[PDB]
Amino acid sequence: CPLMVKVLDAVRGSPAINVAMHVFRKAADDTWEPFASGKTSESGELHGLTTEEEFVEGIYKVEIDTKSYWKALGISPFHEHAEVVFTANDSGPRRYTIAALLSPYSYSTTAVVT
Amino acid sequence: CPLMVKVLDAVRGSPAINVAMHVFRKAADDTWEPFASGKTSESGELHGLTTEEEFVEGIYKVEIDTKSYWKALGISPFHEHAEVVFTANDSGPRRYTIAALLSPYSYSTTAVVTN
Amino acid sequence: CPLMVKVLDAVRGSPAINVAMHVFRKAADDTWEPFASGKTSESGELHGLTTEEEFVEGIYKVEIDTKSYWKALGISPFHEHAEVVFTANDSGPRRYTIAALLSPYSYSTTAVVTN
Amino acid sequence: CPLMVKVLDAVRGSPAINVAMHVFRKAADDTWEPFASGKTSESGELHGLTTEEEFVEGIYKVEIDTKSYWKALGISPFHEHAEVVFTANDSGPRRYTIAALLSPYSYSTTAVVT
Ligand SMILES: COc1cc(/C=C/C(=O)OCCc2ccccc2)ccc1O
Ligand SMILES: COc1cc(/C=C/C(=O)OCCc2ccccc2)ccc1O
């Protein structure tokens, strides 16, 4: 698992469950090509997005649908979504965990690269 | 200002000075159109991006060039930039302060919205 | 002010207003002595806690009563309070802005330190 | 494991390894009694701090020695330590994960209660 995402809910103190996200890879035409997607599990994690052979160097965008998450909970949110845009593997393949901590008017994102 | 951005550096405990950013507004054809741009001052703040008349309802994207900031300090950061996307003025004019706190492998963004 | 505190509410996207806090300074016998206290204004800021003369070198603790804040909004939060402990003025007088961002189960605190 | 701590380093994008912390329980005399301690593993986690029988309702303080962590890396930090003070189990025993994300002049802490 070269790429994993973990989402936490700072209002309820819980994993953020059933949060949809899409991963895009930057194309030579400067556009974002669909690459992977899924929704977080009961533990707030999304695994199996890609494989090491497929996960080559490049620029990736993870677009997390936070707005739908807050709407499902009946809470008015600020952001349309949370985006994490990064260059992968510029040192060669390692492992990437992207964590996002969500509040209605704030989010934090951190990468753990190991 | 109806729109102000403030950026802090969590490594040095200072305002993040001379950070470039670009604001876009989503057009009718779902394209991002350039709206405004600027750089943070010595206080880490960017004022005067827009006016109440020009800042109409819509979806806005603030793209903060955090990578160039970290690179100039000798640091290779994780993120290409920090992005903030939001619907503005949907229930009438508001004033928006977007705050960003920067670390090489992490950032947070908060909005303060006042009537 | 050599010491100012700013508190934001990440649930409502607003300054956190009327948040109480107490500042302590570590004494020679390693006890926390009361130093100053106050509440945030409508802008979420607390100014005038101390003066340059009184704010000597030492270890300081800012105890922000986040629990009473959340309770008054009908929310049962995780933390009893948010604490910030730091050595101040160790290399001469500085100005310290402590920023706190509050959610019911999370908080962050940053320091901006300027000469 | 009713109480677990996870620490991440936001400067290096890694688990914060060998971070010492002490857990205190509030005593009736208004003082903090030593309860548990340890240091984070290679994965930035500290497990086995307590057992469900021992982890009763009360006020707990986790004092994370962030200053020594930054000093070991040669980086000047702002905080003396990071403290997390909370009331446990006021709804009865659940599971507590305390996460802390560290920068030299900033820290964030979040609780995941499941
Ligand atoms: C630590 O909580 C945060 C607060 C904020 C908001 C910071 C702010 O509004 O500015 C306060 C610090 C400051 C520095 C220089 C001048 C004025 C205020 C942003 C991100 C955060 O994670
Ligand atoms: C508290 O500062 C943060 C930490 C993190 C990292 C959270 C994490 O790595 O997961 C902890 C949640 C968790 C861990 C193990 C078992 C259950 C829940 C993300 C954003 C933050 O602002």
# chains A, B, ... in the order shown; residues from 1 in each chain; ligands from 1
call {"tool": "residues_around", "arguments": {"residues": "residue A:64", "least_positions_apart": "5", "cutoff": "9 Å", "atoms": "only C-alpha atoms", "output": "list in words"}}
result
residues 19, 20, 21, 22, 23, 81, 82, 83 and 84 of chain A
call {"tool": "select_by_dssp", "arguments": {"residues": "stretch 66-107 of chain D", "states": "helix (DSSP H, G or I)", "output": "list in words"}}
result
residues 66, 67, 68, 69, 70, 71 and 72 of chain D
call {"tool": "closest_atom_pairs", "arguments": {"of": "chain D", "to": "ligand 1", "cutoff": "8 Å", "atoms": "only C-alpha atoms and all ligand atoms", "output": "tab-separated table"}}
result
residue	atom	partner	partner_atom_place_in_ligand_line	distance
D:106	CA	ligand 1	1 (C)	6.6
D:107	CA	ligand 1	1 (C)	7.4
D:108	CA	ligand 1	1 (C)	7.5
call {"tool": "interface_residues", "arguments": {"of": "chain A", "to": "chain D", "cutoff": "10 Å", "atoms": "only C-alpha atoms", "output": "MDAnalysis selection string"}}
result
chainID A and resid 8:15 43 96:98 101 108:114
call {"tool": "residues_around", "arguments": {"residues": "residue B:80", "least_positions_apart": "6", "cutoff": "9 Å", "atoms": "only C-alpha atoms", "output": "mmCIF file with C-alpha atoms, in the first residue's frame"}}
result
data_model
loop_
_atom_site.group_PDB
_atom_site.id
_atom_site.type_symbol
_atom_site.label_atom_id
_atom_site.label_comp_id
_atom_site.auth_asym_id
_atom_site.auth_seq_id
_atom_site.Cartn_x
_atom_site.Cartn_y
_atom_site.Cartn_z
ATOM 1 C CA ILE A 59 2.003 15.292 -9.203
ATOM 2 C CA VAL A 84 -3.976 17.709 -1.012
ATOM 3 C CA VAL A 85 -1.643 18.288 -3.948
ATOM 4 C CA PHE A 86 1.841 16.812 -3.796
ATOM 5 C CA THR A 87 4.760 15.480 -5.834
ATOM 6 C CA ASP B 65 2.223 28.932 -3.187
ATOM 7 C CA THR B 66 3.658 27.247 -0.134
ATOM 8 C CA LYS B 67 6.238 25.278 -2.108
ATOM 9 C CA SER B 68 8.161 28.366 -3.295
#
call {"tool": "calpha_fit_and_write", "arguments": {"fixed": "chain A", "moving": "chain D", "output": "tab-separated table (two decimals) with N, CA and C atoms, in the first residue's frame"}}
result
chain	number	residue	atom	x	y	z
D	1	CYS	N	0.84	-1.19	0.00
D	1	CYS	CA	0.00	0.00	0.00
D	1	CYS	C	0.88	1.25	0.00
D	2	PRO	N	1.20	1.76	-1.20
D	2	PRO	CA	2.08	2.93	-1.28
D	2	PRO	C	1.36	4.23	-0.95
D	3	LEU	N	0.02	4.21	-0.97
D	3	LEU	CA	-0.77	5.42	-0.72
D	3	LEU	C	-2.01	5.10	0.11
D	4	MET	N	-2.09	5.69	1.29
D	4	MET	CA	-3.22	5.46	2.18
D	4	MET	C	-3.71	6.82	2.69
D	5	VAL	N	-5.01	6.93	2.92
D	5	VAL	CA	-5.58	8.18	3.46
D	5	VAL	C	-6.34	7.90	4.75
D	6	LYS	N	-6.16	8.77	5.74
D	6	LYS	CA	-6.85	8.63	7.01
D	6	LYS	C	-7.56	9.95	7.31
D	7	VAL	N	-8.85	9.88	7.63
D	7	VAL	CA	-9.63	11.09	7.91
D	7	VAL	C	-10.27	11.03	9.30
D	8	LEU	N	-10.11	12.11	10.07
D	8	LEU	CA	-10.65	12.19	11.42
D	8	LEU	C	-11.63	13.35	11.52
D	9	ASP	N	-12.63	13.21	12.40
D	9	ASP	CA	-13.67	14.21	12.59
D	9	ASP	C	-13.40	14.87	13.95
D	10	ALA	N	-13.07	16.15	13.93
D	10	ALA	CA	-12.69	16.90	15.14
D	10	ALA	C	-13.87	17.41	15.97
D	11	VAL	N	-15.09	17.31	15.42
D	11	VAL	CA	-16.29	17.74	16.13
D	11	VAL	C	-16.78	16.60	17.01
D	12	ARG	N	-16.74	15.39	16.47
D	12	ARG	CA	-17.27	14.24	17.19
D	12	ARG	C	-16.19	13.35	17.80
D	13	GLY	N	-14.93	13.62	17.50
D	13	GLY	CA	-13.83	12.81	18.04
D	13	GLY	C	-13.85	11.37	17.55
D	14	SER	N	-13.93	11.20	16.23
D	14	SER	CA	-14.14	9.88	15.67
D	14	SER	C	-13.47	9.80	14.33
D	15	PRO	N	-13.30	8.57	13.81
D	15	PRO	CA	-12.94	8.52	12.40
D	15	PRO	C	-14.05	9.14	11.57
D	16	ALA	N	-13.69	9.76	10.46
D	16	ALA	CA	-14.69	10.28	9.54
D	16	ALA	C	-14.99	9.16	8.56
D	17	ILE	N	-16.19	8.58	8.69
D	17	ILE	CA	-16.57	7.35	8.00
D	17	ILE	C	-17.36	7.67	6.73
D	18	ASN	N	-17.17	6.86	5.69
D	18	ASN	CA	-17.89	7.02	4.42
D	18	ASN	C	-17.59	8.35	3.73
D	19	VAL	N	-16.37	8.84	3.91
D	19	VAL	CA	-15.94	10.05	3.24
D	19	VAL	C	-15.37	9.69	1.87
D	20	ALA	N	-15.98	10.22	0.82
D	20	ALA	CA	-15.56	9.95	-0.54
D	20	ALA	C	-14.38	10.82	-0.93
D	21	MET	N	-13.48	10.25	-1.71
D	21	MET	CA	-12.40	11.05	-2.26
D	21	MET	C	-11.97	10.52	-3.61
D	22	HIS	N	-11.41	11.40	-4.42
D	22	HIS	CA	-10.85	11.02	-5.72
D	22	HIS	C	-9.40	11.43	-5.77
D	23	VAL	N	-8.58	10.59	-6.40
D	23	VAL	CA	-7.16	10.89	-6.58
D	23	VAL	C	-6.93	11.13	-8.06
D	24	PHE	N	-6.26	12.23	-8.37
D	24	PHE	CA	-5.96	12.57	-9.76
D	24	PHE	C	-4.45	12.62	-9.95
D	25	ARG	N	-3.99	12.29	-11.16
D	25	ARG	CA	-2.59	12.48	-11.52
D	25	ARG	C	-2.47	13.57	-12.59
D	26	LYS	N	-1.46	14.43	-12.45
D	26	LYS	CA	-1.29	15.53	-13.40
D	26	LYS	C	-0.87	14.99	-14.76
D	27	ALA	N	-1.60	15.35	-15.81
D	27	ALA	CA	-1.26	14.94	-17.16
D	27	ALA	C	-0.40	15.99	-17.86
D	28	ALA	N	0.28	15.58	-18.93
D	28	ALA	CA	1.17	16.47	-19.67
D	28	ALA	C	0.45	17.68	-20.25
D	29	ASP	N	-0.86	17.55	-20.45
D	29	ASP	CA	-1.68	18.64	-20.97
D	29	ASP	C	-2.11	19.60	-19.86
D	30	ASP	N	-1.45	19.48	-18.71
D	30	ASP	CA	-1.73	20.29	-17.51
D	30	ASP	C	-3.09	20.00	-16.87
D	31	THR	N	-3.72	18.90	-17.25
D	31	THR	CA	-5.03	18.55	-16.69
D	31	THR	C	-4.94	17.42	-15.66
D	32	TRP	N	-5.96	17.33	-14.82
D	32	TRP	CA	-6.02	16.29	-13.80
D	32	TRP	C	-6.75	15.04	-14.30
D	33	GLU	N	-6.01	13.95	-14.48
D	33	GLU	CA	-6.62	12.68	-14.88
D	33	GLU	C	-7.00	11.86	-13.67
D	34	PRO	N	-8.24	11.38	-13.64
D	34	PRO	CA	-8.69	10.38	-12.68
D	34	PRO	C	-7.66	9.26	-12.54
D	35	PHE	N	-7.38	8.84	-11.30
D	35	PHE	CA	-6.36	7.84	-11.02
D	35	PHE	C	-6.92	6.74	-10.11
D	36	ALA	N	-7.57	7.14	-9.02
D	36	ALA	CA	-8.17	6.21	-8.06
D	36	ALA	C	-9.27	6.92	-7.28
D	37	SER	N	-10.08	6.16	-6.55
D	37	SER	CA	-11.06	6.74	-5.62
D	37	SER	C	-11.62	5.69	-4.68
D	38	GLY	N	-12.36	6.15	-3.67
D	38	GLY	CA	-13.01	5.27	-2.72
D	38	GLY	C	-13.66	6.09	-1.62
D	39	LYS	N	-14.18	5.41	-0.62
D	39	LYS	CA	-14.61	6.11	0.59
D	39	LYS	C	-13.99	5.50	1.83
D	40	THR	N	-13.81	6.32	2.86
D	40	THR	CA	-13.21	5.82	4.09
D	40	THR	C	-14.07	4.75	4.75
D	41	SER	N	-13.40	3.81	5.40
D	41	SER	CA	-14.03	2.71	6.12
D	41	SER	C	-14.52	3.17	7.48
D	42	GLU	N	-14.98	2.22	8.29
D	42	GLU	CA	-15.40	2.50	9.67
D	42	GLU	C	-14.25	3.03	10.52
D	43	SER	N	-13.02	2.83	10.07
D	43	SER	CA	-11.88	3.26	10.87
D	43	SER	C	-11.34	4.58	10.32
D	44	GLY	N	-12.08	5.15	9.37
D	44	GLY	CA	-11.70	6.41	8.74
D	44	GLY	C	-10.55	6.29	7.75
D	45	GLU	N	-10.24	5.07	7.32
D	45	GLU	CA	-9.09	4.88	6.43
D	45	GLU	C	-9.51	4.43	5.04
D	46	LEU	N	-8.73	4.80	4.04
D	46	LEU	CA	-8.95	4.31	2.69
D	46	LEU	C	-7.65	3.69	2.18
D	47	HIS	N	-7.69	2.38	1.94
D	47	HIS	CA	-6.52	1.62	1.51
D	47	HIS	C	-6.73	1.11	0.10
D	48	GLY	N	-5.68	0.54	-0.49
D	48	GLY	CA	-5.80	-0.12	-1.77
D	48	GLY	C	-6.10	0.81	-2.93
D	49	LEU	N	-5.69	2.06	-2.81
D	49	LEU	CA	-5.92	3.04	-3.87
D	49	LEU	C	-5.07	2.75	-5.10
D	50	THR	N	-3.86	2.25	-4.88
D	50	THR	CA	-2.95	2.00	-5.99
D	50	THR	C	-1.92	0.93	-5.64
D	51	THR	N	-1.06	0.59	-6.61
D	51	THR	CA	-0.02	-0.40	-6.40
D	51	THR	C	1.32	0.26	-6.66
D	52	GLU	N	2.40	-0.34	-6.18
D	52	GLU	CA	3.71	0.29	-6.37
D	52	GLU	C	4.11	0.41	-7.84
D	53	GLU	N	3.74	-0.57	-8.67
D	53	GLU	CA	4.04	-0.48	-10.10
D	53	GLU	C	3.34	0.72	-10.75
D	54	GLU	N	2.10	0.98	-10.32
D	54	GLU	CA	1.26	2.01	-10.92
D	54	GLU	C	1.59	3.40	-10.37
D	55	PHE	N	2.04	3.44	-9.12
D	55	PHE	CA	2.29	4.70	-8.43
D	55	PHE	C	3.67	5.24	-8.77
D	56	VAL	N	3.78	5.84	-9.95
D	56	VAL	CA	5.04	6.41	-10.41
D	56	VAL	C	5.16	7.86	-9.99
D	57	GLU	N	6.35	8.42	-10.17
D	57	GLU	CA	6.59	9.82	-9.85
D	57	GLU	C	5.68	10.72	-10.67
D	58	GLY	N	5.28	11.84	-10.07
D	58	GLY	CA	4.38	12.77	-10.71
D	58	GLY	C	3.68	13.61	-9.67
D	59	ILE	N	2.75	14.44	-10.12
D	59	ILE	CA	2.00	15.29	-9.20
D	59	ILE	C	0.62	14.70	-9.03
D	60	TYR	N	0.21	14.52	-7.78
D	60	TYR	CA	-1.07	13.91	-7.47
D	60	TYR	C	-1.94	14.87	-6.69
D	61	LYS	N	-3.24	14.76	-6.89
D	61	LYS	CA	-4.22	15.56	-6.16
D	61	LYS	C	-5.20	14.60	-5.51
D	62	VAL	N	-5.37	14.70	-4.19
D	62	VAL	CA	-6.41	13.97	-3.49
D	62	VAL	C	-7.50	14.97	-3.16
D	63	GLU	N	-8.69	14.75	-3.71
D	63	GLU	CA	-9.82	15.64	-3.48
D	63	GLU	C	-10.83	14.95	-2.56
D	64	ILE	N	-10.89	15.41	-1.32
D	64	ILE	CA	-11.73	14.79	-0.29
D	64	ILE	C	-13.07	15.51	-0.18
D	65	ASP	N	-14.18	14.79	-0.36
D	65	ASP	CA	-15.50	15.44	-0.37
D	65	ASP	C	-15.97	15.72	1.05
D	66	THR	N	-15.38	16.72	1.68
D	66	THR	CA	-15.74	17.06	3.05
D	66	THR	C	-17.11	17.71	3.15
D	67	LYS	N	-17.51	18.42	2.10
D	67	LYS	CA	-18.80	19.10	2.16
D	67	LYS	C	-19.96	18.12	2.34
D	68	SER	N	-19.95	17.02	1.58
D	68	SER	CA	-21.01	16.02	1.70
D	68	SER	C	-20.99	15.35	3.06
D	69	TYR	N	-19.80	15.20	3.64
D	69	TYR	CA	-19.67	14.63	4.96
D	69	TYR	C	-20.37	15.50	6.00
D	70	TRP	N	-20.09	16.80	5.99
D	70	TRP	CA	-20.72	17.68	6.97
D	70	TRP	C	-22.23	17.80	6.73
D	71	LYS	N	-22.63	17.82	5.46
D	71	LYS	CA	-24.06	17.88	5.13
D	71	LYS	C	-24.82	16.67	5.68
D	72	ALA	N	-24.23	15.49	5.56
D	72	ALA	CA	-24.86	14.28	6.12
D	72	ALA	C	-25.06	14.38	7.63
D	73	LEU	N	-24.19	15.13	8.31
D	73	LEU	CA	-24.29	15.30	9.76
D	73	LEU	C	-25.13	16.51	10.14
D	74	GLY	N	-25.64	17.23	9.14
D	74	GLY	CA	-26.47	18.39	9.42
D	74	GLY	C	-25.71	19.62	9.88
D	75	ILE	N	-24.43	19.71	9.52
D	75	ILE	CA	-23.60	20.82	9.95
D	75	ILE	C	-23.13	21.61	8.74
D	76	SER	N	-23.31	22.93	8.78
D	76	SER	CA	-22.94	23.77	7.64
D	76	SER	C	-21.43	23.98	7.56
D	77	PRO	N	-20.81	23.57	6.44
D	77	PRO	CA	-19.34	23.63	6.36
D	77	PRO	C	-18.87	24.80	5.52
D	78	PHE	N	-17.60	25.17	5.67
D	78	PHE	CA	-17.06	26.28	4.90
D	78	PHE	C	-16.54	25.84	3.54
D	79	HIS	N	-15.73	24.79	3.55
D	79	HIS	CA	-15.02	24.36	2.35
D	79	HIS	C	-15.87	23.51	1.42
D	80	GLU	N	-15.61	23.63	0.13
D	80	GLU	CA	-16.25	22.78	-0.87
D	80	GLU	C	-15.71	21.36	-0.78
D	81	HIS	N	-14.41	21.26	-0.53
D	81	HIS	CA	-13.73	20.00	-0.33
D	81	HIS	C	-12.38	20.32	0.26
D	82	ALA	N	-11.63	19.28	0.57
D	82	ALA	CA	-10.25	19.45	1.01
D	82	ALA	C	-9.35	18.84	-0.05
D	83	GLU	N	-8.35	19.60	-0.49
D	83	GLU	CA	-7.45	19.12	-1.52
D	83	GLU	C	-6.05	18.95	-0.95
D	84	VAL	N	-5.37	17.91	-1.38
D	84	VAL	CA	-3.98	17.71	-1.01
D	84	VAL	C	-3.25	17.48	-2.32
D	85	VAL	N	-2.36	18.40	-2.69
D	85	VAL	CA	-1.64	18.29	-3.95
D	85	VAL	C	-0.17	18.14	-3.64
D	86	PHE	N	0.46	17.10	-4.17
D	86	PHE	CA	1.84	16.81	-3.80
D	86	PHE	C	2.60	16.14	-4.93
D	87	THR	N	3.93	16.22	-4.89
D	87	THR	CA	4.76	15.48	-5.83
D	87	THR	C	5.22	14.19	-5.18
D	88	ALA	N	4.99	13.07	-5.85
D	88	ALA	CA	5.27	11.77	-5.25
D	88	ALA	C	6.61	11.22	-5.69
D	89	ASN	N	7.27	10.52	-4.78
D	89	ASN	CA	8.40	9.65	-5.09
D	89	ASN	C	9.62	10.31	-5.72
D	90	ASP	N	9.74	11.63	-5.61
D	90	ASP	CA	10.90	12.33	-6.17
D	90	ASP	C	12.23	11.84	-5.58
D	91	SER	N	12.13	10.95	-4.59
D	91	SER	CA	13.27	10.23	-4.04
D	91	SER	C	13.14	8.73	-4.33
D	92	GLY	N	12.24	8.37	-5.25
D	92	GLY	CA	11.88	6.98	-5.46
D	92	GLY	C	10.77	6.57	-4.51
D	93	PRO	N	10.09	5.44	-4.79
D	93	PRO	CA	9.04	4.85	-3.95
D	93	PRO	C	9.36	4.68	-2.46
D	94	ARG	N	8.52	5.30	-1.64
D	94	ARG	CA	8.50	5.10	-0.19
D	94	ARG	C	7.06	4.69	0.14
D	95	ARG	N	6.51	5.11	1.28
D	95	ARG	CA	5.08	4.89	1.54
D	95	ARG	C	4.44	6.19	2.00
D	96	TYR	N	3.24	6.50	1.51
D	96	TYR	CA	2.60	7.78	1.83
D	96	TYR	C	1.33	7.58	2.62
D	97	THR	N	1.25	8.20	3.79
D	97	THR	CA	-0.01	8.26	4.50
D	97	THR	C	-0.41	9.73	4.57
D	98	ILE	N	-1.58	10.04	4.03
D	98	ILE	CA	-2.10	11.39	4.09
D	98	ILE	C	-3.17	11.41	5.17
D	99	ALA	N	-3.01	12.27	6.17
D	99	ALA	CA	-4.02	12.34	7.22
D	99	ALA	C	-4.72	13.68	7.12
D	100	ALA	N	-6.03	13.68	7.35
D	100	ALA	CA	-6.77	14.92	7.32
D	100	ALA	C	-7.65	14.96	8.55
D	101	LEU	N	-7.65	16.11	9.22
D	101	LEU	CA	-8.44	16.31	10.42
D	101	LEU	C	-9.46	17.38	10.07
D	102	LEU	N	-10.74	17.05	10.20
D	102	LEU	CA	-11.80	17.90	9.66
D	102	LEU	C	-12.61	18.60	10.73
D	103	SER	N	-12.83	19.90	10.55
D	103	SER	CA	-13.81	20.68	11.32
D	103	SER	C	-14.66	21.43	10.30
D	104	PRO	N	-15.84	21.94	10.70
D	104	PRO	CA	-16.67	22.58	9.67
D	104	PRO	C	-16.03	23.78	8.98
D	105	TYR	N	-15.24	24.57	9.71
D	105	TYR	CA	-14.61	25.75	9.14
D	105	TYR	C	-13.10	25.70	9.11
D	106	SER	N	-12.54	24.50	9.26
D	106	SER	CA	-11.10	24.34	9.28
D	106	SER	C	-10.74	22.92	8.89
D	107	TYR	N	-9.62	22.76	8.20
D	107	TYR	CA	-9.05	21.42	8.10
D	107	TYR	C	-7.53	21.45	8.17
D	108	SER	N	-6.94	20.34	8.60
D	108	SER	CA	-5.50	20.18	8.62
D	108	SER	C	-5.17	18.93	7.82
D	109	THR	N	-4.04	18.95	7.12
D	109	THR	CA	-3.59	17.75	6.44
D	109	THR	C	-2.10	17.59	6.64
D	110	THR	N	-1.67	16.35	6.84
D	110	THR	CA	-0.27	16.07	7.11
D	110	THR	C	0.09	14.84	6.34
D	111	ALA	N	1.34	14.76	5.92
D	111	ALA	CA	1.80	13.58	5.22
D	111	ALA	C	2.78	12.87	6.12
D	112	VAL	N	2.65	11.55	6.20
D	112	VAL	CA	3.66	10.74	6.86
D	112	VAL	C	4.30	9.90	5.77
D	113	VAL	N	5.60	10.11	5.55
D	113	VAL	CA	6.30	9.47	4.45
D	113	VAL	C	7.37	8.58	5.05
D	114	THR	N	7.24	7.27	4.85
D	114	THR	CA	8.11	6.30	5.51
D	114	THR	C	8.60	5.22	4.56
call {"tool": "decode", "arguments": {"residues": "stretch 7-47 of chain A", "atoms": "C-alpha atoms", "output": "JSON list (two decimals), in the first residue's frame"}}
result
[["chain", "number", "residue", "atom", "x", "y", "z"],
["A", 7, "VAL", "CA", -9.63, 11.09, 7.91],
["A", 8, "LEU", "CA", -10.65, 12.19, 11.42],
["A", 9, "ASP", "CA", -13.67, 14.21, 12.59],
["A", 10, "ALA", "CA", -12.69, 16.90, 15.14],
["A", 11, "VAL", "CA", -16.29, 17.74, 16.13],
["A", 12, "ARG", "CA", -17.27, 14.24, 17.19],
["A", 13, "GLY", "CA", -13.83, 12.81, 18.04],
["A", 14, "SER", "CA", -14.14, 9.88, 15.67],
["A", 15, "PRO", "CA", -12.94, 8.52, 12.40],
["A", 16, "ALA", "CA", -14.69, 10.28, 9.54],
["A", 17, "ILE", "CA", -16.57, 7.35, 8.00],
["A", 18, "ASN", "CA", -17.89, 7.02, 4.42],
["A", 19, "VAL", "CA", -15.94, 10.05, 3.24],
["A", 20, "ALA", "CA", -15.56, 9.95, -0.54],
["A", 21, "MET", "CA", -12.40, 11.05, -2.26],
["A", 22, "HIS", "CA", -10.85, 11.02, -5.72],
["A", 23, "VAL", "CA", -7.16, 10.89, -6.58],
["A", 24, "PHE", "CA", -5.96, 12.57, -9.76],
["A", 25, "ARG", "CA", -2.59, 12.48, -11.52],
["A", 26, "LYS", "CA", -1.29, 15.53, -13.40],
["A", 27, "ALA", "CA", -1.26, 14.94, -17.16],
["A", 28, "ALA", "CA", 1.17, 16.47, -19.67],
["A", 29, "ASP", "CA", -1.68, 18.64, -20.97],
["A", 30, "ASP", "CA", -1.73, 20.29, -17.51],
["A", 31, "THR", "CA", -5.03, 18.55, -16.69],
["A", 32, "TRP", "CA", -6.02, 16.29, -13.80],
["A", 33, "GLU", "CA", -6.62, 12.68, -14.88],
["A", 34, "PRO", "CA", -8.69, 10.38, -12.68],
["A", 35, "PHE", "CA", -6.36, 7.84, -11.02],
["A", 36, "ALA", "CA", -8.17, 6.21, -8.06],
["A", 37, "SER", "CA", -11.06, 6.74, -5.62],
["A", 38, "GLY", "CA", -13.01, 5.27, -2.72],
["A", 39, "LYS", "CA", -14.61, 6.11, 0.59],
["A", 40, "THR", "CA", -13.21, 5.82, 4.09],
["A", 41, "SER", "CA", -14.03, 2.71, 6.12],
["A", 42, "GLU", "CA", -15.40, 2.50, 9.67],
["A", 43, "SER", "CA", -11.88, 3.26, 10.87],
["A", 44, "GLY", "CA", -11.70, 6.41, 8.74],
["A", 45, "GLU", "CA", -9.09, 4.88, 6.43],
["A", 46, "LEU", "CA", -8.95, 4.31, 2.69],
["A", 47, "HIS", "CA", -6.52, 1.62, 1.51]]
